[PDB]
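Student: sequence and experimental coordinates follow.
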Amino acid sequence: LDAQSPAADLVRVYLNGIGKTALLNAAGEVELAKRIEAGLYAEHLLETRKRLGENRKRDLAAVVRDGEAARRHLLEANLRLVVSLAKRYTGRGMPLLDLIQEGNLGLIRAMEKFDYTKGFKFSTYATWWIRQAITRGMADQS
Amino acid sequence: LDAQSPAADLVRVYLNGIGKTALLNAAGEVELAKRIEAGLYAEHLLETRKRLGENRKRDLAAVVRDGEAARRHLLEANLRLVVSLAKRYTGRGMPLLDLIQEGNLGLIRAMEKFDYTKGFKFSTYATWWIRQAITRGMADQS
Amino acid sequence: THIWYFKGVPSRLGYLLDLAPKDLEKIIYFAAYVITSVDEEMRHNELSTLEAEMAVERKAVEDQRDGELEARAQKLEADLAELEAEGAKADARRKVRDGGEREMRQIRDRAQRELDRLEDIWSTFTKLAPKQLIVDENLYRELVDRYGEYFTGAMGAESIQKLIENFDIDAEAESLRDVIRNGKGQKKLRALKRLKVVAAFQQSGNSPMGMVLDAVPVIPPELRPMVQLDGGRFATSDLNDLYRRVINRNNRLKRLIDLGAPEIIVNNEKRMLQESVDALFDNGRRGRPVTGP
Amino acid sequence: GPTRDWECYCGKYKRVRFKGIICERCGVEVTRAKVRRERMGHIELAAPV
Ligand SMILES: [Zn+2]
């Protein structure tokens, strides 16, 4: 066939891609981040006590895999928030895609260098970091 | 030091070794044996579809380990029964140790070639096989 | 092992291997494991790393127990607040409070069970050296699970064989001579006895490995004459009976190991074989003597 | 050494359970602030003196 078809909006593709997100209500995020911490500690100990041949030789690798999986979801957790904050700062000439991408970069730079430290909802911290990142993007765009 | 001490009865050592047993009341044994079946099926498929490189490449090995663990407990399940049946056929000159050992051999020969096949309590089957084995032992002793 | 030694007074093995008779007999008849060799220098290099790995794991159990304590304490406080809101009698208040307090005491005690197990594991790990004993199988199971890397320890006669063959005599002889050169009569007499035994071993030009057998011989058939009665019954010296028992049990061991089976049955069977050999080399030396007629 | 104790420059390994681990992201070590008191630096000269 050779019939033509209409194009698709880029934003709608983003919404379809993130529709699978399901926020954890800020409650379970602490254990979510305890999975990352233990994963990194597994990283270190895997290459520190190397000689040990044991059934545990696979459990820590599973903890590292759990840490890799725990981040893949934590990042999904905040895309609604980042898109909202980005949309809050539109109308300055930039396509919403460029701002939301910049906020995505800011988020990934944040949470991966964040600790609960008996801190408050990480959502406030993410909002702050992504807001700073998008503000910097707009400023450098001029 | 060089003070002397009394010896220990062999039977009491057996009782101490088997005191950790905890029968499952004939209810969960079916799944217990479904762990062995799946383990053997993992055995076969591990060396039949070898090329596949996947995260599942470790799950079946875990199923084989689960099958190895599921048998180590199933065998523990029946030692009280075998010792009882052996003690039921004493007084014919044989040490109870030799009879109980023979019954242990008969049991291991049984359950590892047994299928539920919607069968009754496996305890009856084990009692039958160990009784036959000990009877054969006594007969060959003469 | 040869019954004439681990049961003799003095027990040559006990003096040579500096083990109490209780420990030696537990090892022989498969009662309590033993630690053979340990690469202590290899453990030392990462002793700090091991201790750090301990700090993090013990802090992890600390965090889980603290979380459980916090959760249960908050639950009990909420229950007490609810009961006060309902205006119930102080009897219900004390019932709920005692239940919760006992629950938290149990939780903390289980946490302490885990912690004391962990420090026992450590203690036995750090202050670990040959000739040490572990009565309880569960603790050894745990040790080999958490740290199965450095120390290799097995149970049975082969354990003693490996220990003695790996062991050296001249160094112990020199150490005992040095101890004797000092005073302290109380320990000096024990040092004298052990030095006498070790010096006899050294002068003999032999090796202690003769105390663990792998091939018992059998006397000719005439020495154990075989007799036929009016009905041809076997009523000759029971030496045939004892050899029958030993051979039969060895063949059962061989068949069982060929068939494959868990450690419990194999160890029990090895114990039975050791019992039979001890009986054949001597009946009634220790324990109930075998009696057929 | 680190200005604070058990603190990488970039925050990658800020947790307490890191000793002897140099952070590749920032190239610093994780030890108490005291170590800052016992390490030295050498300047390189382009002309002997
Ligand atoms: Zn860093």
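Tutor: That came in fine, so what should we check first? Residues are numbered from 1 along each chain as shown, chains lettered A, B, ... in the order given.

Student: correct me, but residue C:169 touches residue C:204?
Tutor: No. Taking C-beta atoms under 8 Å as the definition, residue C:169 is not a contact partner of residue C:204, at 10.3 Å. C-beta coordinates here come from the backbone N, C-alpha and C atoms, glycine included.

Student: for those two, indicate the residue with more neighbours.
Tutor: Per other C-beta atoms under 10 Å in any protein chain shown, whichever of residue C:169 and residue C:204 has more neighbours is residue C:169, with 15 against 10.

Student: list the contacts of the more buried one.
Tutor: By C-beta atoms under 8 Å, 6 or more residues apart in numbering or on different chains, the contact set of residue C:169 is C:198, C:201-202, C:208.

Student: for PyMOL, what selects the buried ones among the residues you listed?
Tutor: In PyMOL, this line selects whichever of the contacts of residue C:169 come out buried by 16 or more other C-beta atoms under 10 Å in any protein chain shown:
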select buried, chain C and resi 198+201+208
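
Student: which ones among the contacts of residue C:169 lie within helices?
Tutor: C:198, C:201-202 (DSSP state H).

Student: which one of the residues you listed is nearest the ion?
Tutor: Among the ones in helices among the contacts of residue C:169, residue C:198 lies closest to the ion (C-beta to the ion), at 59.2 Å.

Student: tell me how far residue A:136 lies from chain D.
Tutor: Counting by C-beta to the nearest C-beta, to the nearest Å, the gap from residue A:136 to chain D is 18 Å.

Student: now do the contacts for whatever residue of the stretch 151-293 of chain C ends up closest to the ion.
Tutor: Of all residues in the stretch 151-293 of chain C, residue C:151 sits closest to the ion, with a separation of 37.5 Å (C-beta to the ion). Counting by C-beta under 8 Å, 6+ apart, residue C:151 makes contact with C:35-38, C:128, C:143.

Student: could you pull out the helices for chain A?
Tutor: A:10-18, A:29-46, A:56-77, A:79-88, A:96-111, A:122-141.

Student: what comes up buried for stretch C:253-262?
Tutor: So for stretch C:253-262, counting by 16+ other C-beta under 10 Å, buried means C:253, C:256, C:261.

Student: tally of neighbours for residue 11?
Tutor: Picking chain A for this. Residues lying near residue A:11 (other C-beta under 10 Å) number 14.

Student: meant chain D actually
Tutor: With neighbours defined by other C-beta under 10 Å, the count for residue D:11 comes to 15.

Student: quick one, phi psi at it?
Tutor: Main-chain dihedrals, residue D:11, degrees, to the nearest 10: phi 80, psi 0.

Student: correct me, but it touches residue A:110?
Tutor: No. Assessed by C-beta under 8 Å, residue D:11 is found out of contact with residue A:110, at 10.0 Å.

Student: dump the residue contacts of residue C:246.
Tutor: With C-beta under 8 Å, 6+ apart, residue C:246 has these contacts: C:216, C:273, C:276-277, C:280.

Student: same check on residue A:133?
Tutor: Per C-beta under 8 Å, 6+ apart, neighbours of residue A:133: A:102-103, A:105-107, A:109.

Student: so what's the residue count around the residue nearest to it when sequence neighbours are not counted?
Tutor: Excluding its sequence neighbours, the residue lying closest to residue A:133 (C-beta to C-beta, 6 or more residues apart in numbering or on different chains) is residue A:106, at 2.8 Å. Residue A:106: 23 surrounding residues under other C-beta under 10 Å.

Student: cool, and residue C:211?
Tutor: Neighbour count for residue C:211, taken as other C-beta under 10 Å: 19.

Student: and for the one 3 residues further on?
Tutor: Here the count is done by other C-beta under 10 Å, and residue C:214 has 8 residues near it.

Student: give me the phi and psi for it.
Tutor: Dihedral angles (degrees, to the nearest 10) for residue C:214: phi -130, psi -10.

Student: for chain A, see how far away it is.
Tutor: Applying C-beta to the nearest C-beta, the value for residue C:214 to chain A is 30 Å.

Student: now residue C:126: closest residue in space, sequence neighbours ignored.
Tutor: Spatial nearest neighbour of residue C:126, chain neighbours left out: residue C:47 (7.5 Å); criterion: C-beta to C-beta, 6+ apart.

Student: make that residue C:177, sorry
Tutor: residue C:195 (6.4 Å).

Student: can you tell me what sits against the host helix or strand of the one you found?
Tutor: Assessed by DSSP states H and E, residue C:195 sits inside helix C:185-204. By C-beta under 8 Å, 6+ apart, the surrounding residues in contact with helix C:185-204 are C:10, C:12, C:15-16, C:18, C:169-170, C:172-173, C:176-177, C:179-180, C:182, C:208.

Student: can I get it in PDB? Just the C-alpha atoms.
Tutor: Provided in PDB are the C-alpha atoms of helix C:185-204 (Å, rounded to 0.1, in the frame of the first residue of the first chain):
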ATOM      1  CA  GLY C 185      56.100 -28.400  87.700                       C
ATOM      2  CA  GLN C 186      52.400 -28.600  87.200                       C
ATOM      3  CA  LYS C 187      52.600 -28.100  83.400                       C
ATOM      4  CA  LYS C 188      56.200 -29.400  83.400                       C
ATOM      5  CA  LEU C 189      55.000 -33.000  84.000                       C
ATOM      6  CA  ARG C 190      52.600 -32.900  81.100                       C
ATOM      7  CA  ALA C 191      55.300 -31.400  79.000                       C
ATOM      8  CA  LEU C 192      57.600 -34.200  80.000                       C
ATOM      9  CA  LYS C 193      55.100 -36.900  79.100                       C
ATOM     10  CA  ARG C 194      54.300 -35.300  75.700                       C
ATOM     11  CA  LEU C 195      58.000 -34.800  75.000                       C
ATOM     12  CA  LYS C 196      58.700 -38.500  75.800                       C
ATOM     13  CA  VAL C 197      56.000 -39.600  73.400                       C
ATOM     14  CA  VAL C 198      57.200 -37.300  70.700                       C
ATOM     15  CA  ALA C 199      60.800 -38.200  71.100                       C
ATOM     16  CA  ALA C 200      59.900 -41.900  70.900                       C
ATOM     17  CA  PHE C 201      58.100 -41.100  67.700                       C
ATOM     18  CA  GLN C 202      61.100 -39.200  66.300                       C
ATOM     19  CA  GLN C 203      63.600 -41.800  67.200                       C
ATOM     20  CA  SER C 204      61.500 -44.700  65.800                       C
END
